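Asker: Sending over a structure as structure tokens; questions will come in a sec.
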Amino acid sequence: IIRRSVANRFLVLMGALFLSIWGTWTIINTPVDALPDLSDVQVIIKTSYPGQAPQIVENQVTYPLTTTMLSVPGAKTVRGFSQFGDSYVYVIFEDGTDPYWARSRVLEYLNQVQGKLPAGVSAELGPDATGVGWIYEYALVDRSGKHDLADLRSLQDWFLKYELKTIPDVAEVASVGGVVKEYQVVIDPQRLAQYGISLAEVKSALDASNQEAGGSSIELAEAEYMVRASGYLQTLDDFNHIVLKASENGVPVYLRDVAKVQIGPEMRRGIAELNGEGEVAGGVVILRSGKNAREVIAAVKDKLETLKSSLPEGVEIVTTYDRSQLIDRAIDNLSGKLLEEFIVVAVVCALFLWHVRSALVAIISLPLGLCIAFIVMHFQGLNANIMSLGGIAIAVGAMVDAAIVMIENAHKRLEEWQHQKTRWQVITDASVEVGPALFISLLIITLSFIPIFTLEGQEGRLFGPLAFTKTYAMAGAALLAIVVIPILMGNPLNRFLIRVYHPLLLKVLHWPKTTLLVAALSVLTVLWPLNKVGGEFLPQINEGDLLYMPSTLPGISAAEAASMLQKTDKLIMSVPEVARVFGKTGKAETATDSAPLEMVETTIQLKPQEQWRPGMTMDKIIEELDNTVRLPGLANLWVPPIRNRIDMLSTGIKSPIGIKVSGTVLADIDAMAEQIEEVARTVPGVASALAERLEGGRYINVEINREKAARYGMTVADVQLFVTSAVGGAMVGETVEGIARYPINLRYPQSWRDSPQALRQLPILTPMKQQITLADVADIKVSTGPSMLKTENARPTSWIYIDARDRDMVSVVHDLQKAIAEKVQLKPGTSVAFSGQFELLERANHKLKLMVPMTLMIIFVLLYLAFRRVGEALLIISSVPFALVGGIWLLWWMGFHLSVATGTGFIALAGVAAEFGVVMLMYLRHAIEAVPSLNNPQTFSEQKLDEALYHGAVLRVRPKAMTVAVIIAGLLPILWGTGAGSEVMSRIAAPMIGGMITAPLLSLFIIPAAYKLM
Amino acid sequence: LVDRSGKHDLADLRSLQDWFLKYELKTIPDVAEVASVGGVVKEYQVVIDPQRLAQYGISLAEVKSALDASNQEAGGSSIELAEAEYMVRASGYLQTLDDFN
Amino acid sequence: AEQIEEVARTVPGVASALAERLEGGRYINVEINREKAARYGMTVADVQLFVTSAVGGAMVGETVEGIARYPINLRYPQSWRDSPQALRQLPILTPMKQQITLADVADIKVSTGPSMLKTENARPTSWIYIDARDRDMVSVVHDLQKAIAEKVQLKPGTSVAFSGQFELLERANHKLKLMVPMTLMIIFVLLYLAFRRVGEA
Amino acid sequence: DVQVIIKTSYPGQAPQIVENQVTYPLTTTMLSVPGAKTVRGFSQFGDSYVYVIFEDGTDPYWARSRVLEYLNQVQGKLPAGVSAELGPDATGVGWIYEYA
Amino acid sequence: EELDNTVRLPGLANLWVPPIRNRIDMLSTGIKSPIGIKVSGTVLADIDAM
Ligand SMILES: [Ag+]
């Protein structure tokens, strides 16, 4: 046992050095962010569909993607954002699944379908990254008015993209905003009516007139020759001279003679601004999921610096989101604090048994002891995000104790032989009478920690990292305790504490029952912060740069929304701390930004809090700010970066509930959405149901009269020709200019298309060379409709998010199914399903009451091991709840919130107080040999029981005093601040400490006082 | 699938199994596919009539040309009207037997 | 590829740079005159029809003979396609049932060009292999970046990168001086084991 | 090393043009696939060969499929027929026996 | 048996089998049989006359 480990003895130093050299290589090598990748497991499947409409972008394009994907393995959900001009469809399975499986599998059924969707409009398949995946994001700038918007985006686009994606672990690099060169032929309905050429003639001509072909080798003067055809439509000259009517031996109508070819701006879909000055186009860098955010960035900056030249003139590159930085303010946080943990331990070790040895050996031991913790992430993968790095800090605390035990019991058996090579063999023996209570106890605290960690859901994916990290920080300390033994080799206050202590031993004795009584007091007083809990649960954290994102009502135009951003972006520059701002509104040219145009985002660089305002907690910024922007129709949500991104795609329900309602047609799930909304108000559920908040958006219906098509002898389809190409500006043909190819657009001028009435008057010229007007072949009616559609499983479903805050309401949900079932109407073919973040909270509760009982079954098939008798075990167990009481109370003071952050402090707590209770239960149990050395047994008791105590009593206030000091000394530094987010490590330090003030104090009276009884 | 009354139609059934049943199951953990068998599937049938076709003068490459074309739906942009931007739509989904004839 | 070739000779690098050794190959350009297409009332595309199918012998349709299917080719005879001048004279017959000749709708110019293209990452790149045999020249490479950076011209949107079997030989040298020292750290934490004293080791 | 050959038989054409209308949607699409090592192209006359290679020693029947993701998507940005072949399964050592 | 006879129409060689079996072999293409000469080669006439 503790013998063979000391026979391997000489081996460990080499075992140890093996670990030093090794640890220092992989350490500086880890991945290292924060904010664990999840948003679960997903595969985005975009379909760029230039211009269309959400009833119809749904029908002819999303329908063969929602639908085919029911039929692929991983058949989890085929859940669809199918909007205007785009069709996004996300399939997600179960958490933690080897995605490059999850990828390909999906793929099987995407290929098959490119025939059930139209022409072009080919379906994109995700990237490779999450939403966390947007590392760095730059903007493009001009220092002179000599450079053009069009010139820029192309530059970002045909010169920048090539320059980055060539970068190890950058996946994709999506350009945002600006404007894209657009060759536009503007048909002119007068010149078109004189000369006699239909659209199916121009568009017929255009598709044809812009190619390049070759046809063989000519065997000339022996060096064989290849033959080539010219045709790349590149000179505006070559445009104007396309031929339409070809009057032989006379004039040919040229294109010039029916339309006016002008270079213009693509229909805009993602617009970007940058303070007052810049409406501009720049791009972002999405991280090829699973790779050190930091290093990618390096390779980028370095390539950018390299690149700082190849530009033209007047175009700096500004950085709007250097995710690198928030990685450093935090990494240094934990770089400093752990060296600071040393300054505190040096203090208190040095202060207690004067003239220390242990801290110096231990510090060298830890970075290596850490050099192991992350190779074991290496054995079964993880994330060095701060959650994990939350495992490393407690690690210190759980590592503090053990060096301490070897440190104190060697003080006993070093001073007894100084009252009297082999001085050494006698010191190891000391750590044998007490021994295992250190090694073992460590083990105890660790598995006692794992059962709360395994949880799955959205949140359980969110602790999964930390969870593991402790597991590995323990392995270190666990077998460290056992090997924090071999490594070491290579006054006045105690008196007053001891005197203050002999009256309570003569008073925990003076009264047996009283411990149970003062016990029912403190463990029930706890119930006042154990029910009021201050308020709120798991929120917060700190970005460096904030994301404005509002609640905008659906419809708004494209020029206003470009100014309404010029403006918003104008006044957010007001407050001085803000270093740069960036408002990209609409998609971001990546399948991650499924953002419409009324969705306005804005990255907000903030200057180091080193300067610029007296006070202003991040919450005073938000406030003042939140008011520095009070325009109408804007419900403004302000959020950090990662969060905005990560939830932005974790589709489903922030909400706790919602009645999904499926079944085959809009009328069913629309009228339904109505029929039920009322149920929420009467029933005992605080209510706010919204059948349809999406369906806002206004259309211009164009009902061709069928019959009215026949007479005119025009095929309905042919009409379309004049609704799509003629009016919107539907495009045909892409000009090609090497590497980069720009698009050619063909439609009636800026005007005839300029209003419903103007549109009733559209000038149409049928195949029977006759002149009409659209109004004449169709009823142009206005109308109101949807600006989106969600979709769970091919069919149409309306998932009505709902909540009754600050409760647990599994009860209300059960009552509703019975109630509907007794009097409500389901139309032809339809079904209802329920879901939210509730099913997730109820599944975990069900498995947590099975892992905490399972953590106690293994705890008690270990609470009894080293010492035999049950009474002791029950004693450590009535002993912890007091620790928890001192702890949890530390919370009400601050009026906290609790979480899975507190939910962990609680857990190293109950482990460590358990650890000090068992050693104090031990200083009173191995010694049936202390009992009889004094023994006067026969008439039982005496002043001898009293004196079988005050010896193990005075010994416990040297080890436990300076250990409960540092324990209370590390769980603090992180509390009163964190220039690098530590709402996390505070929220875990919270109840562990209160546990400490209360806990050591409880070590002294349980061992005497549950012992008396049992 | 079964009918307890002669009020329901074979065609009505298979579609029900097909456009309402399939959705209701494949949404089930480890059910792969759920294949419908037998019945009958609604089939819009134009029956060319070789006499009326011979009088009027329209070849098949004319009817079939016409049919492929006459059953769509297209849209072409947003109209910037009273500030709330508008989208424009084309009707054409071949749904009324009236629209067929 | 031209502008830089000279840098190799003066600098301390034994030199032989070849901007382009590939670009050998001779073409017969067929510049359709656009305008000259309209009058004749023929769509440029339609011209193509007579450059590709008519002349090379571009194929259409595959005959099928069970298991195996052979291909059907359609073009002007072995002759009319038989020489640049013969080709200036190609006989063309437009949609306006009129008779012309290619020369008449296009300038058939001869020309010289590439018989290949390499390509690193979508764009076009010219990777000019180079060497100064029988040395290790990590030193020469460093001096060149500084030198170009002080007086050379980069046109609109462009970048230069370096590579070879050198980066491979330099990465290994860097890891070999880390595995041979690591092989001795474990060797000496084993050179001393069985016998104790350092002098022996 | 580790490679995936991606041929495109293009009966007759020309390297300015066998590059433009056929190799361009294969060089280009493949920037956007994982294993984003290099999209390095021999694009000649009548053929367009494009080899993607990652890092040494990688389970290729991964390396295969991954590539594949973006080859399917593009058969519309290249012409008629001239469909794009995807390697074999062998190396260059792979030519064992050869008869006449 | 009784069943096998409750169904004696013409042209029907009736095979009666369990469910799984019917399914599992129904696709284990090849040969229930122990042997069979496969004969390949490029056209119907060869492998038909063969
Ligand atoms: Ag958003």
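Letters A, B, ... go to the chains of the structure tokens in the order shown; residues in each chain start at 1; ligands are counted from 1 in the same order.
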Could you pull out the alpha helix (DSSP H) residues of region 81-147 of chain C from DSSP and send them as a list in words?

Answerer: residues 84, 85, 86, 87, 88, 138, 139, 140, 141, 142, 143, 144, 145, 146 and 147 of chain C

Asker: Dump N, CA, C and O atoms for the selected residues as a PDB file, in the first residue's frame?

Answerer:
ATOM      1  N   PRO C  84      -4.703  27.301 -91.115  1.00  0.00           N
ATOM      2  CA  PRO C  84      -5.095  28.680 -90.809  1.00  0.00           C
ATOM      3  C   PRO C  84      -5.699  29.419 -91.989  1.00  0.00           C
ATOM      4  O   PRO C  84      -6.720  30.080 -91.829  1.00  0.00           O
ATOM      5  N   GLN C  85      -5.073  29.330 -93.153  1.00  0.00           N
ATOM      6  CA  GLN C  85      -5.625  29.991 -94.327  1.00  0.00           C
ATOM      7  C   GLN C  85      -6.888  29.270 -94.789  1.00  0.00           C
ATOM      8  O   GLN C  85      -7.930  29.894 -94.979  1.00  0.00           O
ATOM      9  N   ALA C  86      -6.800  27.955 -94.952  1.00  0.00           N
ATOM     10  CA  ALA C  86      -7.988  27.160 -95.216  1.00  0.00           C
ATOM     11  C   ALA C  86      -9.084  27.570 -94.245  1.00  0.00           C
ATOM     12  O   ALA C  86     -10.264  27.520 -94.568  1.00  0.00           O
ATOM     13  N   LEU C  87      -8.687  27.974 -93.045  1.00  0.00           N
ATOM     14  CA  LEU C  87      -9.647  28.235 -91.976  1.00  0.00           C
ATOM     15  C   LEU C  87     -10.222  29.634 -92.062  1.00  0.00           C
ATOM     16  O   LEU C  87     -11.397  29.843 -91.780  1.00  0.00           O
ATOM     17  N   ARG C  88      -9.392  30.598 -92.436  1.00  0.00           N
ATOM     18  CA  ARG C  88      -9.901  31.923 -92.753  1.00  0.00           C
ATOM     19  C   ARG C  88     -11.015  31.771 -93.784  1.00  0.00           C
ATOM     20  O   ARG C  88     -11.946  32.557 -93.818  1.00  0.00           O
ATOM     21  N   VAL C 138      19.367  28.304 -45.451  1.00  0.00           N
ATOM     22  CA  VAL C 138      18.347  29.032 -44.710  1.00  0.00           C
ATOM     23  C   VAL C 138      18.748  30.499 -44.576  1.00  0.00           C
ATOM     24  O   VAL C 138      17.910  31.368 -44.333  1.00  0.00           O
ATOM     25  N   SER C 139      20.037  30.766 -44.752  1.00  0.00           N
ATOM     26  CA  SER C 139      20.575  32.112 -44.614  1.00  0.00           C
ATOM     27  C   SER C 139      20.252  33.000 -45.817  1.00  0.00           C
ATOM     28  O   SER C 139      19.859  34.156 -45.653  1.00  0.00           O
ATOM     29  N   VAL C 140      20.420  32.461 -47.020  1.00  0.00           N
ATOM     30  CA  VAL C 140      20.158  33.219 -48.238  1.00  0.00           C
ATOM     31  C   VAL C 140      18.697  33.651 -48.337  1.00  0.00           C
ATOM     32  O   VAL C 140      18.400  34.746 -48.815  1.00  0.00           O
ATOM     33  N   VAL C 141      17.792  32.797 -47.873  1.00  0.00           N
ATOM     34  CA  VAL C 141      16.365  33.072 -47.990  1.00  0.00           C
ATOM     35  C   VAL C 141      15.942  34.277 -47.157  1.00  0.00           C
ATOM     36  O   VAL C 141      15.109  35.074 -47.586  1.00  0.00           O
ATOM     37  N   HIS C 142      16.530  34.412 -45.972  1.00  0.00           N
ATOM     38  CA  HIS C 142      16.203  35.518 -45.080  1.00  0.00           C
ATOM     39  C   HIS C 142      16.611  36.853 -45.689  1.00  0.00           C
ATOM     40  O   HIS C 142      15.897  37.848 -45.561  1.00  0.00           O
ATOM     41  N   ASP C 143      17.764  36.876 -46.349  1.00  0.00           N
ATOM     42  CA  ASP C 143      18.283  38.121 -46.904  1.00  0.00           C
ATOM     43  C   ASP C 143      17.426  38.658 -48.051  1.00  0.00           C
ATOM     44  O   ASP C 143      17.444  39.855 -48.333  1.00  0.00           O
ATOM     45  N   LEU C 144      16.674  37.776 -48.708  1.00  0.00           N
ATOM     46  CA  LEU C 144      15.901  38.171 -49.887  1.00  0.00           C
ATOM     47  C   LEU C 144      14.624  38.936 -49.547  1.00  0.00           C
ATOM     48  O   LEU C 144      14.231  39.845 -50.277  1.00  0.00           O
ATOM     49  N   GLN C 145      13.973  38.574 -48.447  1.00  0.00           N
ATOM     50  CA  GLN C 145      12.730  39.240 -48.082  1.00  0.00           C
ATOM     51  C   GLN C 145      12.980  40.712 -47.763  1.00  0.00           C
ATOM     52  O   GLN C 145      12.254  41.589 -48.231  1.00  0.00           O
ATOM     53  N   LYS C 146      14.014  40.971 -46.968  1.00  0.00           N
ATOM     54  CA  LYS C 146      14.425  42.331 -46.647  1.00  0.00           C
ATOM     55  C   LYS C 146      14.766  43.125 -47.902  1.00  0.00           C
ATOM     56  O   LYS C 146      14.439  44.310 -48.009  1.00  0.00           O
ATOM     57  N   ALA C 147      15.421  42.463 -48.850  1.00  0.00           N
ATOM     58  CA  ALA C 147      15.933  43.132 -50.043  1.00  0.00           C
ATOM     59  C   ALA C 147      14.831  43.563 -51.007  1.00  0.00           C
ATOM     60  O   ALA C 147      14.833  44.693 -51.492  1.00  0.00           O
TER      61      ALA C 147
END

Asker: Counting only C-alpha atoms, which residues from chain A have an atom at most 8 Å from any atom of chain B, and could you show them as a VMD selection string?

Answerer: chain A and resid 51 to 53 56 70 to 73 75 to 77 555 to 557 663 to 664 697 to 704 706 715 to 717 720 723 to 725 727 to 730 753 to 756 793 to 795 829 to 830

Asker: Identify, counting only C-alpha atoms and all ligand atoms, the protein, DNA and RNA residues located within 9 Å of ligand 1, and give them as a PDB file with N, CA and C atoms, in the first residue's frame.

Answerer:
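The result, stored in selection_29.pdb:
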ATOM      1  N   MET A 549     -28.460  44.068 -30.426  1.00  0.00           N
ATOM      2  CA  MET A 549     -29.369  43.268 -31.250  1.00  0.00           C
ATOM      3  C   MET A 549     -30.781  43.519 -30.776  1.00  0.00           C
ATOM      4  N   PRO A 550     -31.658  43.984 -31.671  1.00  0.00           N
ATOM      5  CA  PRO A 550     -32.959  44.356 -31.113  1.00  0.00           C
ATOM      6  C   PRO A 550     -34.073  43.353 -31.318  1.00  0.00           C
ATOM      7  N   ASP A 593     -24.819  33.554 -40.492  1.00  0.00           N
ATOM      8  CA  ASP A 593     -25.695  34.702 -40.398  1.00  0.00           C
ATOM      9  C   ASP A 593     -26.914  34.369 -41.230  1.00  0.00           C
ATOM     10  N   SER A 594     -27.919  33.781 -40.591  1.00  0.00           N
ATOM     11  CA  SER A 594     -29.205  33.549 -41.235  1.00  0.00           C
ATOM     12  C   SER A 594     -30.039  34.789 -41.019  1.00  0.00           C
ATOM     13  N   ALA A 595     -29.340  35.896 -40.806  1.00  0.00           N
ATOM     14  CA  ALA A 595     -29.968  37.164 -40.466  1.00  0.00           C
ATOM     15  C   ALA A 595     -30.677  37.847 -41.634  1.00  0.00           C
ATOM     16  N   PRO A 596     -31.927  38.282 -41.391  1.00  0.00           N
ATOM     17  CA  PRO A 596     -32.704  39.019 -42.385  1.00  0.00           C
ATOM     18  C   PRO A 596     -32.123  40.407 -42.433  1.00  0.00           C
ATOM     19  N   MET A 599     -32.741  42.626 -39.142  1.00  0.00           N
ATOM     20  CA  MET A 599     -32.002  42.154 -37.992  1.00  0.00           C
ATOM     21  C   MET A 599     -30.781  43.013 -38.022  1.00  0.00           C
ATOM     22  N   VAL A 600     -30.593  43.807 -36.987  1.00  0.00           N
ATOM     23  CA  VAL A 600     -29.433  44.660 -36.963  1.00  0.00           C
ATOM     24  C   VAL A 600     -28.403  44.318 -35.954  1.00  0.00           C
ATOM     25  N   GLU A 601     -27.223  43.958 -36.408  1.00  0.00           N
ATOM     26  CA  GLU A 601     -26.211  43.629 -35.426  1.00  0.00           C
ATOM     27  C   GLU A 601     -25.166  44.728 -35.440  1.00  0.00           C
ATOM     28  N   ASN A 644     -24.484  35.926 -28.077  1.00  0.00           N
ATOM     29  CA  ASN A 644     -25.269  36.300 -29.233  1.00  0.00           C
ATOM     30  C   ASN A 644     -25.123  35.239 -30.302  1.00  0.00           C
ATOM     31  N   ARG A 645     -23.883  34.854 -30.576  1.00  0.00           N
ATOM     32  CA  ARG A 645     -23.606  33.850 -31.594  1.00  0.00           C
ATOM     33  C   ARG A 645     -24.149  32.472 -31.215  1.00  0.00           C
ATOM     34  N   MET A 648     -27.796  32.190 -31.053  1.00  0.00           N
ATOM     35  CA  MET A 648     -28.335  32.708 -32.293  1.00  0.00           C
ATOM     36  C   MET A 648     -28.730  31.575 -33.226  1.00  0.00           C
ATOM     37  N   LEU A 649     -28.189  30.391 -32.954  1.00  0.00           N
ATOM     38  CA  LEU A 649     -28.400  29.231 -33.808  1.00  0.00           C
ATOM     39  C   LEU A 649     -28.881  27.986 -33.051  1.00  0.00           C
TER      40      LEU A 649
END

Asker: Which residues come within 12 Å of residue 67 (chain C), counting only C-alpha atoms, excluding same-chain residues fewer than 4 positions away, as a ChimeraX atom specification?

Answerer: /C:63 /E:40-44

Asker: Would you give me, as JSON lines, each residue of chain C having an atom within 9 Å of an atom of chain A, along with its shortest atom pair and that distance in Å to one decimal, using only C-alpha atoms and sorting by chain and residue number?

Answerer:
{"residue": "C:25", "atom": "CA", "partner": "A:225", "partner_atom": "CA", "distance": 7.4}
{"residue": "C:26", "atom": "CA", "partner": "A:225", "partner_atom": "CA", "distance": 5.1}
{"residue": "C:27", "atom": "CA", "partner": "A:226", "partner_atom": "CA", "distance": 4.6}
{"residue": "C:28", "atom": "CA", "partner": "A:227", "partner_atom": "CA", "distance": 4.6}
{"residue": "C:29", "atom": "CA", "partner": "A:228", "partner_atom": "CA", "distance": 5.1}
{"residue": "C:30", "atom": "CA", "partner": "A:229", "partner_atom": "CA", "distance": 5.1}
{"residue": "C:31", "atom": "CA", "partner": "A:230", "partner_atom": "CA", "distance": 5.2}
{"residue": "C:32", "atom": "CA", "partner": "A:230", "partner_atom": "CA", "distance": 6.2}
{"residue": "C:33", "atom": "CA", "partner": "A:230", "partner_atom": "CA", "distance": 8.9}
{"residue": "C:34", "atom": "CA", "partner": "A:238", "partner_atom": "CA", "distance": 6.6}
{"residue": "C:35", "atom": "CA", "partner": "A:241", "partner_atom": "CA", "distance": 6.0}
{"residue": "C:37", "atom": "CA", "partner": "A:243", "partner_atom": "CA", "distance": 7.6}
{"residue": "C:38", "atom": "CA", "partner": "A:243", "partner_atom": "CA", "distance": 4.8}
{"residue": "C:39", "atom": "CA", "partner": "A:252", "partner_atom": "CA", "distance": 5.5}
{"residue": "C:40", "atom": "CA", "partner": "A:248", "partner_atom": "CA", "distance": 6.5}
{"residue": "C:41", "atom": "CA", "partner": "A:246", "partner_atom": "CA", "distance": 4.2}
{"residue": "C:42", "atom": "CA", "partner": "A:246", "partner_atom": "CA", "distance": 7.6}
{"residue": "C:43", "atom": "CA", "partner": "A:209", "partner_atom": "CA", "distance": 6.7}
{"residue": "C:44", "atom": "CA", "partner": "A:209", "partner_atom": "CA", "distance": 5.9}
{"residue": "C:45", "atom": "CA", "partner": "A:208", "partner_atom": "CA", "distance": 5.6}
{"residue": "C:46", "atom": "CA", "partner": "A:208", "partner_atom": "CA", "distance": 8.3}
{"residue": "C:47", "atom": "CA", "partner": "A:229", "partner_atom": "CA", "distance": 8.7}
{"residue": "C:48", "atom": "CA", "partner": "A:213", "partner_atom": "CA", "distance": 6.4}
{"residue": "C:49", "atom": "CA", "partner": "A:213", "partner_atom": "CA", "distance": 8.9}
{"residue": "C:51", "atom": "CA", "partner": "A:215", "partner_atom": "CA", "distance": 6.0}
{"residue": "C:52", "atom": "CA", "partner": "A:215", "partner_atom": "CA", "distance": 4.3}
{"residue": "C:53", "atom": "CA", "partner": "A:215", "partner_atom": "CA", "distance": 7.1}
{"residue": "C:54", "atom": "CA", "partner": "A:215", "partner_atom": "CA", "distance": 8.3}
{"residue": "C:55", "atom": "CA", "partner": "A:215", "partner_atom": "CA", "distance": 6.2}
{"residue": "C:56", "atom": "CA", "partner": "A:215", "partner_atom": "CA", "distance": 4.1}
{"residue": "C:57", "atom": "CA", "partner": "A:215", "partner_atom": "CA", "distance": 6.9}
{"residue": "C:58", "atom": "CA", "partner": "A:215", "partner_atom": "CA", "distance": 6.5}
{"residue": "C:81", "atom": "CA", "partner": "A:218", "partner_atom": "CA", "distance": 7.6}
{"residue": "C:82", "atom": "CA", "partner": "A:218", "partner_atom": "CA", "distance": 6.5}
{"residue": "C:83", "atom": "CA", "partner": "A:220", "partner_atom": "CA", "distance": 6.1}
{"residue": "C:84", "atom": "CA", "partner": "A:220", "partner_atom": "CA", "distance": 7.7}
{"residue": "C:96", "atom": "CA", "partner": "A:248", "partner_atom": "CA", "distance": 6.8}
{"residue": "C:98", "atom": "CA", "partner": "A:248", "partner_atom": "CA", "distance": 8.8}
{"residue": "C:121", "atom": "CA", "partner": "A:162", "partner_atom": "CA", "distance": 6.8}
{"residue": "C:122", "atom": "CA", "partner": "A:739", "partner_atom": "CA", "distance": 7.1}
{"residue": "C:123", "atom": "CA", "partner": "A:739", "partner_atom": "CA", "distance": 5.9}
{"residue": "C:124", "atom": "CA", "partner": "A:739", "partner_atom": "CA", "distance": 8.0}
{"residue": "C:154", "atom": "CA", "partner": "A:310", "partner_atom": "CA", "distance": 6.6}
{"residue": "C:155", "atom": "CA", "partner": "A:310", "partner_atom": "CA", "distance": 7.9}
{"residue": "C:156", "atom": "CA", "partner": "A:312", "partner_atom": "CA", "distance": 7.0}
{"residue": "C:157", "atom": "CA", "partner": "A:310", "partner_atom": "CA", "distance": 5.9}
{"residue": "C:158", "atom": "CA", "partner": "A:310", "partner_atom": "CA", "distance": 6.1}
{"residue": "C:159", "atom": "CA", "partner": "A:310", "partner_atom": "CA", "distance": 6.8}
{"residue": "C:186", "atom": "CA", "partner": "A:18", "partner_atom": "CA", "distance": 8.5}
{"residue": "C:189", "atom": "CA", "partner": "A:14", "partner_atom": "CA", "distance": 7.4}

Asker: Would you please give, as a count of residues only, all residues of region 392-578 of chain A that DSSP assigns to strand (DSSP E) based on the backbone?

Answerer: 9

Asker: Would you kindly report the residues of chain D within 9 Å of chain C, using only C-alpha atoms, as an MDAnalysis selection string?

Answerer: chainID D and resid 11:16 19 24:31 38:45 50

Asker: Write out as number ranges by chain each polymer residue whose atoms come within 12 Å of residue 269 (chain A), counting only C-alpha atoms; drop sequence neighbours fewer than 3 positions from it.

Answerer: A: 48-51, 84-86, 175-180, 265-266, 272, 281, 557-559, 561-562, 584-590, 593-599

Asker: Using only C-alpha atoms, which protein or nucleic acid residues come within 10 Å of residue 193 (chain A)? Drop anything in the same chain fewer than 2 positions from it, and give the result as a PyMOL selection string.

Answerer: chain A and resi 188-191+195-198+258+763-765+769-771

Asker: Excluding residue 74 (chain D) and residues on its chain fewer than 2 positions from it, collect all residues at most 9 Å away from it, counting only C-alpha atoms, and give them as a PyMOL selection string.

Answerer: (chain A and resi 122) or (chain D and resi 25-26+29+70-72+76-78)

Asker: Quick one: residues within 10 Å of residue 14 (chain B), only C-alpha atoms counted, chain neighbours fewer than 4 positions away excluded, as a list in words?

Answerer: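 Those residues are residues 1, 9, 10, 18, 19, 20, 21, 36, 37, 38, 39, 40, 41 and 42 of chain B.
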
Asker: Compute the set of chain C residues within 10 Å of chain E, using only C-alpha atoms, and express it as a list in words.

Answerer: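 Here is what falls inside 10 Å: residues 65, 66, 67 and 68 of chain C.
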
Asker: For the atom pair CA of residue 509 (chain A) and CA of residue 412 (chain A), what is the interatomic distance in Å to one decimal place?

Answerer: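 Answer for the CA of residue 509 (chain A) to CA of residue 412 (chain A) separation: 26.4 Å.
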
Asker: Provide the CA of residue 456 (chain A) to CA of residue 65 (chain A) distance in Å, to one decimal place.

Answerer: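 For CA of residue 456 (chain A) relative to CA of residue 65 (chain A), the distance reads 29.3 Å.
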
Asker: Just how far from CA of residue 707 (chain A) is CA of residue 48 (chain B), in Å to one decimal?

Answerer: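 Interatomic distance, CA of residue 48 (chain B) to CA of residue 707 (chain A): 20.1 Å.
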
Asker: Using only C-alpha atoms, which of A:103, A:510, A:925, A:46 sits nearest chain D?

Answerer: A:103
